[PDB]
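Just so it is clear, the values below take in all heavy atoms, side chains as well, and ignore hydrogens, waters and symmetry mates. Per chain, numbering begins at 1; letters A, B, ... match sequence-line order.
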Amino acid sequence: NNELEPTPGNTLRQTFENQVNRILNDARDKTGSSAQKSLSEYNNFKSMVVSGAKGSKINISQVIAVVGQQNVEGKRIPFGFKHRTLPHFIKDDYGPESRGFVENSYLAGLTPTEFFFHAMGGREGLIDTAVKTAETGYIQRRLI
Amino acid sequence: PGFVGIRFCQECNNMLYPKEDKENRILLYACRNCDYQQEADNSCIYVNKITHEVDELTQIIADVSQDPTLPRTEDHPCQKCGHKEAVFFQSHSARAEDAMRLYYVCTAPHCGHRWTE
Amino acid sequence: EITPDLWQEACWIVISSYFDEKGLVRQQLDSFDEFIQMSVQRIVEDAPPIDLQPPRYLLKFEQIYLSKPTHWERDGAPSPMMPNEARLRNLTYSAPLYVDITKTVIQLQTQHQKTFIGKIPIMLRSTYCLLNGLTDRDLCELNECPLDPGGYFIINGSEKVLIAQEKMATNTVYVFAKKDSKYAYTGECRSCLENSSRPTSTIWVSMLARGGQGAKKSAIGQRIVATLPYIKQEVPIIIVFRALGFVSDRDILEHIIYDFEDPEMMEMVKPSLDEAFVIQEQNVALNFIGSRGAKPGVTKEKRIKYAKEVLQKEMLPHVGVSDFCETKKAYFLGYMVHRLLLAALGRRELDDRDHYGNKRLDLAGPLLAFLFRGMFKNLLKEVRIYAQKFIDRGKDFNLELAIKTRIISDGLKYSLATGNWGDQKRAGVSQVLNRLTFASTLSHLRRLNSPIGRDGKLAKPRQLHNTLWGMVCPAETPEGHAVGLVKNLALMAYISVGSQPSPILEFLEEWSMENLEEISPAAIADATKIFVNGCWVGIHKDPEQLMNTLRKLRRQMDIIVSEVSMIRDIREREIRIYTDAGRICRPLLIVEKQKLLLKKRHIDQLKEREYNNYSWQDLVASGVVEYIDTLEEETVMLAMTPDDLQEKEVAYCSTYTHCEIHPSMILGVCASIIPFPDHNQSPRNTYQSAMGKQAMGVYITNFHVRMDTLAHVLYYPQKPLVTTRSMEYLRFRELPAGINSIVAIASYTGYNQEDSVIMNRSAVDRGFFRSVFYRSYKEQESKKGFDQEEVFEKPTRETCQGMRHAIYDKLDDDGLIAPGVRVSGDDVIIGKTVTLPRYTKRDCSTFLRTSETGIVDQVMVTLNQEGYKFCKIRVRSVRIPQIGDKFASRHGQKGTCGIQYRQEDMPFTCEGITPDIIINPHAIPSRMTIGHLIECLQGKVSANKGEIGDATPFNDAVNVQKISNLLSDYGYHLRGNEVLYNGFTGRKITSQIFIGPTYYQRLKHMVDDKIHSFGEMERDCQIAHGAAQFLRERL
Amino acid sequence: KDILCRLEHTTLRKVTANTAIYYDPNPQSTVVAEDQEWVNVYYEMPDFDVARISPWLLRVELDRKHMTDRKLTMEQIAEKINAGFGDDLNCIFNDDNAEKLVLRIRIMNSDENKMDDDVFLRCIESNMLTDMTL
Ligand SMILES: [Zn+2]
Ligand SMILES: [Zn+2]
């Protein structure tokens, strides 16, 4: 409706995307603490997190509550099709489901679009690992 | 301003170029490959829109009402024909630079009316 | 009509019928079949007749034939060739090619019918294979596996797979931008001569950046310039139009700017009109162009002749190469400029380098068609050389000594043998088929490769692009340097094989399309443009009714083959039709008026498919399913399920055109064996897709006749207790790769910490995960000179110089061991002397390749291609799982064994069940492989109910609560926990251990392959230690 | 903000709405109907044109939002044009009392005592918008 006024130093697109990412990241953290409150003292995830032996509070949160927003190059899922992310969506859909908010937990299991967008975000992490495993001794070798 | 187009020579259809009639003190458009000269009606030689302000409704094509993949709504009726369903979309463009305005097109065949809200 | 309770019956029936008809390797087979059916005949028909000169001799090839694969024995007798003999004897499985040649002399003629010109290697189970159409009985008579898919070649006895090669699509205009360039925008067209002889020739059309400071520059701004092939520097675009013979500015601009009432476009072209003002005639423009060649002509007319050849033959060959095509080239060049302008005006978004609608995949067919032209030209070239030396003697000429049949035969063989896709004078094609396990074989036959070079370094090729949906598996890619570059087909992905556009063009010419040459140039403004295979072909003034008519014809499978994609870009006013090969596509259900066209009657007919004649073809022919490619998908609305078609309180979309068949078909082969993959962190699905390829199983049923260099077969594979519906089509039931194991997730004695595993030794004593390893040795007699040869014989110390402390008395008099002999390291398996040019013979006998004690399993003896005696020896050794051995679970949880406890020491339930494997819980929480936990639960329900559990992803009918409720009915704790007792002391354990049956995999990696007994970064650390005497002792 | 606007590079393109170039040989009856009211101030009180002035007019419209946010003003632009070119260019501009933020530019008065003027004026327009540092 053009009722949104831009923040100084940000474009209206940056203003919009900032506001949407705040809402959805707050929801991820609000649901995640609600999950951590649910866990009994017997809970074996909590036993391993609180010991610090393995896992963290976000792993609990993603298993139990919400996997959350999927990102590529730090942004929400790109319109790789013309004005849409997949043929299943209509054009100009900026909503959370369209742009890769996985509102399900790993226990509930992902919907098909969420599964693909979670594969897109997971590919970036696989590429970055391949890059940094190419540099393991690079600066050490040059400095020595 | 708008934009300034082209004139072509009647004799040879090459582009006419502006030059002054220095003795009558009037702008002429004149061919560079033949004697043809034409008196200008416009005085303006050139305009350039750094802000790119133009009515994008001139660039929306009415045939786009046929696209299965755009969202459509009865929530915004057409003025010219009253038809309830309109298709709506963003600029689908660069050079909007910021805005997220929705453009509407009437879905009634052969109406093709376009507006912005 | 089909109701949502019947839907999960219906859609898996139609999927079953697709795989019954197509199978998994159909894009391999159909591509090679098209190569022999069509491309070979065209290559011979398109090759120029020989004009030879005395009398003049004109020679031409008429019609062509192949036999079934046929070997020619060492004496030259033909005999029919079976693939298994080719594997055993190291032969190439190939068919002789014969051609009808007419010899004409000037005038008289004689016909040389069925002249043999060479052998084409045959793709197994293609229509030209001897296995084609055979039944399971016949295949077993031939010692073939009925389940082996074919789709590979046998070259010198080695199975070879052509990995598909991704490339940018030809003939379409792309506009890209580049960061540093002289040019703000560059349009380009990688145009290619309609699959004719000569390669692709790129033209670029570029707009220069305004950043050049200078009065002349600033006064005009951004010039547009063409970059023509075979021309050293850019030509002002208006000169290229003048050289094509359009002289006035208005004639040129009517080809570039379709509405002259668009004054913002008019101002963009003025800097290029002024740049060309001084050239006003075609002859001056042709001189201007021809002056810029690699060797500018000595004279004006020689430059014009060179320029006119370049403009007709070299730029835009897909638009035409004939004497009058220059109006067509002007329209296409003006379109290429017009799209550059629209990109510069921001009116159209730039093209995407990674959008898979802009790609093509080159399969075996296109790869061999390209390659075969190189050999066939060499065939004619060698005839041209040889024949003229007889015609220069006036005597009559005989072709039957000029045709060197080794050209085709050895050129195709060599490139398929090596992967080097050209002369021994593109690489990594034609890989050896991986035979580790059946899923490995299926995934290798469906693998795709990316371009790492020119386009790849400009693209973002490793990212999972949005357009891989339903075409390429999102999970399946290698670790390491190849991440995201090597890819795999989705299970219902099909690659177009291509057809001639002639039937489509003749339809368009009658359905009131207006042709290239006929239009009044203004009329192109309101009309839509029709492109076929990238050729702009005409305009149409009612595109919606045209597009309806086109879709109807394709659905009826009338004039338009179902493989033809047809795309309307409604905002651009372009219709594009592609009959091109190498387009990836997938089948989708048609939706009309929010209803499927698939009705209950189609499912009923498909249910009787074993005795009613109805099949998947009838589903395509009825217009109920449709193939759609990656940029027709730009125009569909896809329902994910018929749930999306139901009425809803807030309506998202009311205009669905298509529906997904089942969303799980986005996965490929190795990802389809993962249970509950929608419950796993996506990196762990990727790791299983690589680990599945390393799981032992039964790789093929006829493994007893195969003499593979290395093979692993499991004693007791089981099908998974928990399975995906797609696993049916992978035939994973029939060739399983793993065992269902009782797994406790427990911290026991600590030997399973990190990723280690504890295994029950008593289960291992009972043959749990036991396997055998087969190693095959080849050896060959040779004849190296007039008095030196290698022969199989038993060496002896009284004659042979090369003798060692190795043991020869296991050999028989033929110099070979027999099967059933127990062998060890430095045992000689094949005694082979060479006579030398006290002693008289050198020893070249072959030893057991490792000290691992095995047993000789088979010894086959034959003759090679050269008729020398040829031996293969297969040795077997049994591999009982050890503490070093690696295991995995289908959820990326790889791990070595850590220790083995007997049943007495394992923890046990009240019922006396000890686990087979104990994994550490610390493997779970940060990896979030929750699918692994759900599998154990569903497997416990399955083993009690006696019913194999459906773990297909995206199934709203299977939820963890429902599995728990079912488990409770069998008297187990609803979450799979159980009271275990410590084996050492018998006390209850305070925690209740999660136990369930889980499908485990034994991986190829075993410690007996690896136990063995200091670079720059190691010296650097020893300097930081200051261990200076160590650092010099170690060097 | 005042210091921010003194550091962040701002060329005239940042603050220009549009260019129009005209043939206007008599400013006393200027071809743009908007300008006859306000331009006459510079002709009741003459400046520069004591010998002659070029008949080719370059008219720029400045963006009042982009001008006001930077707190730029027409005198500060026109004197930077005068500084950046010299007396071989002339600049004429509105008071912000007038409703529209026009600046009018012409080629030298006294050069009348290899690009034709409207070609040179298009070169000048590009050179200002490229490289007139405001
Ligand atoms: Zn003229
Ligand atoms: Zn209307």
For the [atom1] atom on [X], are there more than 12 heavy atoms of other groups (residues, nucleotides or ligands in this structure) within a distance under 6.0 Å?
X: B:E53; atom1: CD; answer: no
X: C:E647; atom1: CD; answer: no
X: B:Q10; atom1: CD; answer: no
X: C:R353; atom1: CZ; answer: yes
X: B:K49; atom1: NZ; answer: yes
X: C:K270; atom1: NZ; answer: yes
X: C:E281; atom1: CD; answer: no
X: C:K552; atom1: NZ; answer: no

- Query: Just by modelled atom types, is the C:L345 backbone N or O under 3.5 Å from a matching donor or acceptor in the B:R95 side chain?
  - Reply: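 Yes; judged by distance alone, with no hydrogens or angles, the pair exists.
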
- Message: Closer than 3.5 angstrom, by distance alone: can the side chain of B:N13 be matched with the main-chain N or O of C:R250 as a donor-acceptor pair?
- Response: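 Looks like no, no N/O pair under 3.5 Å.
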
- Task: Begin with the C-alpha distance, continue with both residues' side-chain angles, and end with the deciding distance and a verdict on side chain to side chain contact (heavy atoms under 4.5 Å, CB included) for C:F277 and B:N14.
- Result: CA-CA 9 Å; C:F277 165 66; B:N14 292 305; over 6 Å; no

What are the two closest heavy atoms between [X] and [Y], and how far apart are they?
X: C:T655; Y: B:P68; value: OG1-O, 2.7 Å
X: C:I570; Y: B:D63; value: CG2-O, 3.4 Å
X: B:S93; Y: C:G346; value: OG-O, 3.3 Å

- Query: Can you tell me how far CE of C:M547 sits from CD of B:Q66, rounded to the nearest 0.5 angstrom?
  - Reply: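 So the gap between those two atoms works out to 12.0 Å.
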
- Message: Just verifying a value: how many Å separate C:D249 CG and B:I6 CD1, rounded to the nearest 0.5 Å?
- Response: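 CD1 of B:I6 is found 8.0 Å from CG of C:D249.
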
- Query: Between B:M15 and C:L253, does a side chain to side chain contact (heavy atoms under 4.5 Å, CB included) hold up when you go through it step by step?
  - Reply: CA-CA 10 Å; B:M15 200 221 305; C:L253 264 55; over 6 Å; no

- B:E56: what forms a side chain to side chain donor-acceptor pair (under 3.5 Å) with it, not counting sequence neighbours? B:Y103

- Item | Evaluation steps, side chain to side chain contact (heavy atoms under 4.5 Å, CB included), between B:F3 and C:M266 | CA-CA 9 Å; B:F3 297 89; C:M266 294 293 231; over 6 Å; no

Under 4.5 Å from any heavy atom of chain B - which part of [X]:
X: C:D274; answer: both
X: C:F260; answer: side chain
X: C:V636; answer: backbone

- Go through the atoms of B:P71 and report whether side chain, backbone, both or neither lie under 4.5 Å from a heavy atom of chain C.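 Neither; nothing under 4.5 Å.
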
Identify every side-chain donor-acceptor pair in residues 26-45 of chain B under 3.5 Å, counting partners at least two apart or on other chains, and give the distances.
residue, atom, partner, partner atom, Å
B:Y36, OH, B:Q38, OE1, 2.7
B:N42, ND2, B:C44, O, 3.2
B:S43, OG, D:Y23, O, 2.6

- Query: Looking at C:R568, C:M637, C:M265, C:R571, which makes the most heavy-atom pairs under 4.5 Å with chain B?
  - Reply: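 With the most close heavy-atom pairs to chain B, the winner is C:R571.
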
- Item | Most chain B-contacting option - heavy-atom pairs closer than 4.5 Å, from C:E261, C:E349, C:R573 | C:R573

